[PDB]
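>>> Pasting an experimental structure with its sequence.
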Amino acid sequence: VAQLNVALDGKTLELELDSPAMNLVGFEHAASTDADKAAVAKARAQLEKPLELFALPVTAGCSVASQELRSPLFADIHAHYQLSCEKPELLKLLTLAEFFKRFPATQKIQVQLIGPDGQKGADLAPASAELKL
């Protein structure tokens, strides 16, 4: 099951995704064939656009401060993002609805949120894809 760790402290939003490869690339083995490699390139193109993948509200004025994608396919996939948000008070809701639409193999995401107010935990699925920040 894919894990998403979210930290929000002041204007800094951190996202850490750790997933089995199957959820994102559609197979669970090394990428040897041309077909396997194309499926990894498709996933990677989606992971390179975090504001789109995690549907961050444009109103919050988020931009990518840093991004690191790690996998032997590039089998686990790790994606770390640091976002700088001009108006973090406008991040009210994390929605994984775009994530489930771009990675339809993903049935479940376990989300852990941490911030000055404490920890919050939820199992997100295409049916209920939203966590109140």
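Right, received. Where do you want to start? Residues are numbered from 1 along each chain as shown.

>>> Going by C-alpha atoms from here, please, whenever you check contacts or count neighbours.
Fine.

>>> Show me the helices in the protein, by range?
Using DSSP state H, the helices of the chain run over 21-25, 34-47, 50-53, 97-102.

>>> Need the winner for burial among these.
Of all the helices of the chain, helix 21-25 has the most neighbours on average by mean count of other C-alpha atoms under 10 Å, namely a mean of 22.

>>> Which neighbouring elements make contact with it?
Counting contacts by 3 or more C-alpha pairs under 8 Å, 6 or more residues apart in numbering; DSSP states H and E, helix 21-25 packs against helix 34-47.

>>> next one: the helix it packs on to chain centre, how far?
Computed by C-alpha atoms, centre = their mean, to the nearest Å, the chain-centroid distance of helix 34-47 equals 16 Å.

>>> Could you number the chain from 4 rather than 1 from now on?
Done: numbering now begins at 4, and the last item shifts to helix 37-50.

>>> contacts for it?
Under the contact criterion C-alpha atoms under 8 Å, 6 or more residues apart in numbering, helix 37-50 has outside partners 27, 28, 29, 30, 34, 56, 72, 76, 77, 82, 105.

>>> related to what we said a few turns ago, ok, which of the helices of the chain comes nearest residue 6?
Nearest to residue 6, of all those, is helix 24-28, at 11.3 Å by C-alpha to C-alpha.

>>> What's the separation between residue 58 and residue 104?
From residue 58 across to residue 104, the span is 11 Å (C-alpha to C-alpha, to the nearest Å).
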